[PDB]
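A single chain, nothing else alongside it, follows as structure tokens in the form deposited in one PDB entry.
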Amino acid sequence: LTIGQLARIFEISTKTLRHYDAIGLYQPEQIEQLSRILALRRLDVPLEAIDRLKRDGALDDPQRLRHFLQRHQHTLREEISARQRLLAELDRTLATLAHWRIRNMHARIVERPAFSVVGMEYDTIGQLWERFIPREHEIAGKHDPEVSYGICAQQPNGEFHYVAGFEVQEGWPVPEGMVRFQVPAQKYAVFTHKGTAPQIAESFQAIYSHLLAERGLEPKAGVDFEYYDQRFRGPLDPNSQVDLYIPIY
């Protein structure tokens, strides 16, 4: 077979072989050497080793190589084993994160009067976010358009409720499918959450378990909401930071 065509498949290179000359390195047995090699190019063996692997021995001896390429498998799975126990280490090292996460989450006491939000009202609370943010600038009378609230009122049933909306001047028309919620005048303990939305809840568990009791604050069955703003870049980006406004006495 000629030199130009003996470049089988599928990505060359031709001098691939001319390379494979120098002091080293259509016969039918002048292939299985290449066949074995080609993967090989799946183990990444230097060539100089792949010369040592010439006739001293061996030429072919698929005999040896069956134990050889699983002796490796022994090495390469020990490589996988070492990096997995490194990974298992990691998953535990990423626990010291959560509880330093929280011990630094300080509370600031904020009193804010009654204001009026307009937005969409509630299976999930994320969805509304999926559904609402094409309807952003459909609302006029904005104080600050960057901030948005995730209102949650405690009904005497008791069962959920949430509204994704914006603080707006009261007196403007509300679009179809939206609702006007009037947040009353409350005074809040504000926690800065630094994480994603599903682990906002595990911050809520830290609040109502001890983080309020270490500063002597008592929780209040009022209107909880989370303060979104410019320091917010995604619900599952583990770098967003929100403020959780939690009512107190």
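Under this definition, the rigid core comprises the largest set of C-alpha atoms superposing within 1.5 Å between the forms. The numbering used is simple: start at 1 and walk along the sequence shown.
What follows is about the form deposited in another entry, which we do not show.
Only one of 103, 108, 92, 143 has its Cα shifted by 2 Å or more between this form and the one not shown after fitting on the core, and that residue is 143. Once both forms are fitted on their rigid core, the CA atom of residue 57 lies 2 Å or more apart between this form and the one not shown. Shown in the overlay between this form and the one not shown, fitted on the rigid core, is a CA shift at residue 202 smaller than 2 Å. Relative to the superposed core, residue 218 undergoes a Cα shift smaller than 2 Å between this form and the one not shown.
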